[PDB]
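Chains as they are written, first to last, in PDB author numbering: chain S4, 68 to 133; chain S2, 324 to 377; chain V1, 9 to 438; chain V3, 35 to 75; chain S8, 60 to 118; chain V2, 5 to 216; chain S1, 6 to 235.
Backbone N, C-alpha and C fix where the C-beta goes; we use that ideal spot for every residue, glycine too.
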Ligand SMILES: Cc1cc2nc3c(=O)[nH]c(=O)nc-3n(C[C@H](O)[C@H](O)[C@H](O)COP(=O)(O)O)c2cc1C
Ligand code: SF4
Ligand code: SF4
Ligand code: SF4
Ligand code: SF4
Ligand code: FES
Ligand code: FES
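Pasting the structure below:
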């Protein structure tokens with residue numbers, strides 16, 4: 068109420084712990100006591116694209132611009 | 324300074340007219356240059372003694 | 009083997025250079041067209057490909073890819089997708105008039121050759137792309153197509169046998185890039201003229217997705233003559249890799265600048281003076297010689313007095329042979345100014361697919377401006393050398409490469425005029 | 035032959051290219067279609 | 060080249076020299092800079108709040 | 005050269021613009037050449053018809069071509085802004101293209117540029133305070149083997165000199181048009197020495213061939 | 006049974022037929038730097054960044070649109086691969102204006118990150134630096150078209166997902182203005198999704214425009230509303 072800042076009563080608000088595997092993450096979280104929510108890893112899906120398919124003859128995949 | 328602009332920031336003339344030096348200035352002061360992994364130690368002679376840093 | 013080769017009469021592949029006896033299919037029959045072509049067609053396209061590789065046709069337009077390998081890639085077994093033949097007829101490399109003469113005085117041998125190429129590889133229709141600068145010559149081509157149709161001998165069921173073959177004509181809209189190998193293909197497609205990527209070849213995916221190919225007009229013109237004439241009669245004029253006749257033209261600085269057919273090799277001094285008037289001011293007046301046109305490095309005086317006019321010879325001279333502007337230029341013109349105007353041309357006509365040709369021709373245009381005004385340092389001329397090493401081959405097409413090469417030739421040969429120009433600018437400002 | 039066998043080019047009017055394309059439209063094999071009539075149908 | 064008052068500058072007969080490009084708060088090693096930025100009715104990007112904590116400022 | 009439209013009426017659709025039914029039959033011949041399934045390939049010949057009908061194309065012409073070929077207009081705007089033969093600025097009857105790059109400028113095009121400039125009056129690239137003299141210098145056209153060249157509406161002029169400049173411009177003022185071909189004799193692209201080309205009447209199909 | 010052998014600097018891996026060099030290089034972890042390729046769209050090649058020296062070839066070729074013959078070896082860390090990356094990154098920053106303070110992609114540029122990690126340091130090209138004046142595309146999307154690197158990603162996005170066909174290339178050479186020719190305020194669905202497509206600071210959010218720069222703001226998982234898909 069004097070400067071327009073965001074104070075907090077949260078010492079733990081600026082923790083982050085970058086790990087390398089989900090197993091050690093869950094093991095450390097269960098080791099140190101508190102609860103935890105696991106979201107699963109999502110890779111980009113591999114696709115099938117080609118420039119010749121962008122220059123189709125009777126397929127509708129057509130670049131239409133260039 | 325060193326002539327390796329990806330570690331030391333360039334000076335003002337090339338900074339105000341470059342492109343690579345402005346980019347290096349910008350990201351070098353925002354992020355900080357990346358440092359390869361590993362553990363080093365060194366020590367020099369402070370007037371007290373072995374000023375070591377690990 | 010010939011002693012460097014020259015023109016012997018009636019060994020001209022095509023007569024009627026200009027304004028001769030008539031302009032008609034009857035005149036084509038008198039000059040040697042529509043003669044015994046059905047017996048050539050009904051023997052099998054493998055024999056036509058054997059005849060062409062017997063002649064050993066070097067590909068024209070200043071590329072180097074031989075016609076036999078290309079049309080042997082064109083022997084794919086026919087699927088549900090048809091095959092197309094595209095006759096390219098633009099004239100880049102400013103200084104050209106290569107096939108302007110051919111399409112202005114003899115379209116009939118072009119009709120013969122596109123029929124031969126349509127039979128020889130399984131093609132079905134031929135689109136002929138004329139430059140947009142050529143409305144009157146295009147209408148002459150339309151009159152010739154009307155005459156060939158009105159004979160009732162092409163179109164549907166050609167030569168009396170059950171073989172239809174249609175030919176169309178698409179105009180240009182004015183470009184250098186529409187002459188190239190694949191921007192042609194997409195300019196026919198109605199999209200704006202932009203080259204594709206090369207490892208999908210035009211012989212696999214082409215005009216909308218069909219196995220097509222693109223032939224130069226000189227290849228179309230020479231193609232029925234090799235079919236109707238003997239094997240390797242064409243190949244006896246010059247060396248073994250390159251073989252036959254070519255249009256060597258001086259469009260530029262000589263007295264009576266003009267065009268001559270010759271064989272594959274020629275002594276250059278006989279070529280310049282003993283056929284086309286004389287050099288403006290004598291042989292020792294010219295500063296240098298550019299062969300090829302505009303996608304070729306220069307050749308100075310002490311190199312042009314001795315070097316013969318072969319493709320392998322200009323590979324040995326680190327250049328590339330093209331057509332019709334195998335010209336000299338005088339000391340009275342500044343070659344820096346001439347090459348800078350050529351770089352301005354390169355900026356004015358180039359598409360914007362690739363980043364490096366775009367920005368490299370941008371820097372080279374502004375830097376050649378700063379060289380004509382002379383406001384730089386020698387580190388700048390070596391920087392122009394470094395960027396001309398950077399650009400070359402890192403693009404899609406060869407317009408970036410053909411913008412790299414004149415800068416290369418100017419730096420390899422004419423350093424001292426640049427140094428004196430910059431020294432005179434230092435004397436001017438100081 | 036040292037006589038200009040052309041001037042057959044000289045009479046060319048500004049419509050003749052489209053005139054020749056107009057008149058030579060017959061014996062046209064059907065320019066093969068592909069699925070839809072257009073990229074957007 | 061003494062380091063004192065933390066003053067601002069402005070253009071010759073012109074507006075505020077700052078853009079609010081947040082570099083000073085990105086580098087401020089005690090985070091004493093506090094920038095909240097908004098553009099005004101003109102269109103050039105500017106600020107709302109540019110605060111220096113004189114306690115945290117190590118100079 | 006101001007590649008955004010910015011209407012300025014005498015533009016600003018709808019400008020009233022329509023063709024001739026004979027030209028509609030030309031349109032049907034044009035989209036009857038190209039195969040079914042790829043109607044969008046005839047954009048450049050239809051737009052060429054629009055230019056040859058009305059000397060420069062307005063934006064309502066591009067809307068018309070888009071509605072005829074049932075395409076979105078943006079491809080028509082791309083093809084209009086991409087090429088060289090289509091001048092979106094209004095021009096006059098005759099159009100002057102002074103071509104000068106590599107043999108043309110190096111064979112002294114600047115005399116022709118000075119002659120055109122101090123004969124016509126208006127500067128290079130600009131237009132004239134009448135019709136029929138829209139002057140631009142241009143890059144290469146192909147017809148290189150002679151003096152630096154002039155293109156007027158589907159016609160060429162080679163082997164120039166400033167008295168020929170005066171003659172051709174005064175006769176386009178009068179309306180009588182000279183030949184597309186070369187000048188100074190040499191009735192085609194000729195070796196203009198002692199006729200170093202072929203002289204004999206060629207035999208053709210008569211002499212020795214093989215497998216024919 | 007439908008496999009292709011490539012060596013990524015010696016490390017063998019198998020490639021499905023028809024795919025690209027780039028998907029296999031991203032399969033082994035090597036992110037070849039890219040500007041025009043993006044996996045939600047078709048494959049252009051106009052940014053030229055993905056050049057890589059593939060062996061027994063004097064010419065260095067693109068990796069977003071290369072068919073994969075059997076038995077490659079792909080040299081990513083060679084000499085002239087780095088030289089081509091230095092050259093291309095030096096070409097991009099020539100006609101790009103000094104707007105990295107007043108840009109809105111300071112923390113989230115692509116020229117900045119890839120020109121640190123791949124480019125040169127001492128610039129060149131002393132004079133020049135043309136500029137293209139902006140347009141008015143829509144009051145929801147703030148648009149500066151001097152920073153457009155002409156990469157042809159928004160155009161492919163329009164013509165292949167939006168289907169609206171209002172953005173196009175105009176001109177030749179250096180002068181390629183990308184946009185709508187006719188002073189039309191481009192308003193359609195998913196026009197808010199073009200500010201995430203544009204890799205450089207040329208198409209930013211209009212209402213967000215100048216409130217923060219993205220290192221201060223922390224990122225948090227949540228689920229969408231107002232649509233039943235989330
Ligand atoms: C930079 C460049 C410019 C070209 N200019 C022309 C041209 O003006 N006219 C033309 O017919 N072909 C032109 N081409 C294409 C070549 O002539 C090419 O060789 C042709 O497609 C096939 O010729 P060839 O089969 O006889 O080798 C050009 C190609 C390139 C790379
Ligand atoms: S090198 Fe230049 S002109 Fe050639 S395809 Fe690439 S962008 Fe187009
Ligand atoms: S935000 Fe900070 S670094 Fe940026 S202009 Fe303002 S005072 Fe300078
Ligand atoms: S506006 Fe952005 S996405 Fe579109 S071409 Fe330009 S840089 Fe690429
Ligand atoms: S997009 Fe351009 S102006 Fe913006 S941060 Fe990146 S390099 Fe700077
Ligand atoms: S340069 Fe003038 S016509 Fe080719
Ligand atoms: S990513 Fe392959 S060229 Fe843009």
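None of the residues of the stretch 180-214 of chain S1 has a beta carbon lying less than 8 Å from any beta carbon of chain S4. Placement of the Cβ of residue 68 (chain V1) at a distance of less than 6 Å from at least one heavy atom of ligand 1 is found.
Residue range 77-80 is occupied by the beta strand (DSSP E) that includes residue 77 (chain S1), with no alpha helix (DSSP H) assigned at that position. The beta-bridge partner set that DSSP reports for residue 174 (chain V1) consists of 133 (chain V1). Leaving aside the five residues that flank residue 122 (chain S4) on each side, the residues in its chain whose CB is nearer than 8 Å to its CB run, in chain order, 129, 130. At least 7 Å separates the beta-carbon of residue 89 (chain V2) from that of residue 325 (chain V1). Short of 7 Å from the beta carbon of residue 44 (chain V1), and not among the five residues preceding or following it, lie these beta carbons of its own chain, in chain order: 236.
Residue side-chain check: residue 190 (chain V1) keeps its Cβ at 6 Å or more from all non-hydrogen atoms of ligand 2.
For residue 51 (chain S1), the nearest CB of chain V1 lies under 7 Å from its own CB, placing it at the interface with that chain.
Residue 352 (chain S2) sits in a helix when the DSSP states are folded into three classes. Residue nearest to residue 178 (chain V2) within the set 55 (chain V2), 98 (chain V2), 86 (chain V2), 93 (chain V2) is 98 (chain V2) (criterion: CA-CA distance). For residue 294 (chain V1), the enclosing beta strand (DSSP E) stretches over residues 294-298. Relative to the Cα of residue 343 (chain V1), the nearest Cα in the group 295 (chain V1), 224 (chain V1), 267 (chain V1) belongs to 295 (chain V1). Restricting attention to 166 (chain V1), 177 (chain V1), 321 (chain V1), 387 (chain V1), the CA atom closest to the CA of residue 97 (chain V1) is found in 177 (chain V1). At least one heavy atom of ligand 1 sits closer than 6 Å to the Cβ of residue 99 (chain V1). Taking a beta-carbon distance threshold of 7 Å, residue 27 (chain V1) counts as an interface residue toward chain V3. With respect to chain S4, the C-beta atom of residue 208 (chain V1) has a partner C-beta closer than 7 Å. Counting C-beta pairs closer than 8 Å gives fewer than three between the stretch 232-246 of chain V1 and the stretch 97-112 of chain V1, which falls short of the contact rule. Note that the C-beta distance between residue 246 (chain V1) and residue 273 (chain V1) is below 7 Å.
Note on geometry: alpha-carbon atoms of residue 47 (chain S1) and residue 25 (chain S1) lie some 13 Å from one another. In the pairwise beta carbon analysis, the stretch 44-55 of chain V3 is classified as touching the stretch 139-150 of chain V1: at least three pairs are separated by under 8 Å. Spatial neighbours of residue 333 (chain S2) in its own chain (CB-CB distance under 8 Å, excluding positions within 5 residues in sequence) are listed in chain order as 341, 344, 347, 348.
The alpha helix (DSSP H) runs lying completely inside the stretch 65-104 of chain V1 and spanning 4 residues or more are 75-81, given in chain order. Around residue 41 (chain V2), the beta-carbon contacts reaching into chain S4 at under 9 Å are 124, 125. Burial of residue 78 (chain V1) is indicated by the presence of at least 16 other C-beta atoms within 10 angstroms of its C-beta. Of all residues, those with a beta-carbon under 5 Å from at least one heavy atom of ligand 2 are 203 (chain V1), 358 (chain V1), 359 (chain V1), 361 (chain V1), 362 (chain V1), 365 (chain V1), 403 (chain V1), 404 (chain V1), 405 (chain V1), 407 (chain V1), 408 (chain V1), reported in chain order. Residue-level contact check: residue 221 (chain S1) does not touch chain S4, since none of the beta carbons of chain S4 fall below 7 Å from its beta carbon. Of the candidates 30 (chain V2), 42 (chain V2), 40 (chain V2), 41 (chain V2), the residue whose Cα lies closest to the Cα of residue 51 (chain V2) is 30 (chain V2). Taken in chain order, the members of the stretch 371-384 of chain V1 whose beta-carbon sits within less than 7 Å of a beta-carbon on chain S1 are 371, 374. Under the three-state reduction of DSSP, residue 255 (chain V1) is assigned to strand. Three or more Cβ pairs closer than 8 Å define a contact, and the stretch 134-154 of chain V2 meets that threshold against the stretch 348-364 of chain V1.
Within chain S4, no residue has its CB atom less than 8 Å from the CB of residue 158 (chain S1), the nearest being about 11 Å off. Under the 8 Å Cβ criterion, the stretch 408-428 of chain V1 counts as touching the stretch 382-395 of chain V1, having at least three qualifying pairs. The C-beta of residue 48 (chain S1) comes closer than 7 Å to at least one C-beta of chain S4.
Using a Cβ-Cβ cut-off of 7 Å, residue 173 (chain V1) does not count as an interface residue toward chain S4, since no Cβ of chain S4 sits closer than that to its own.
Contacts between residue 71 (chain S4) and chain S8, judged by CB atoms closer than 7 Å, involve 108 in chain order.
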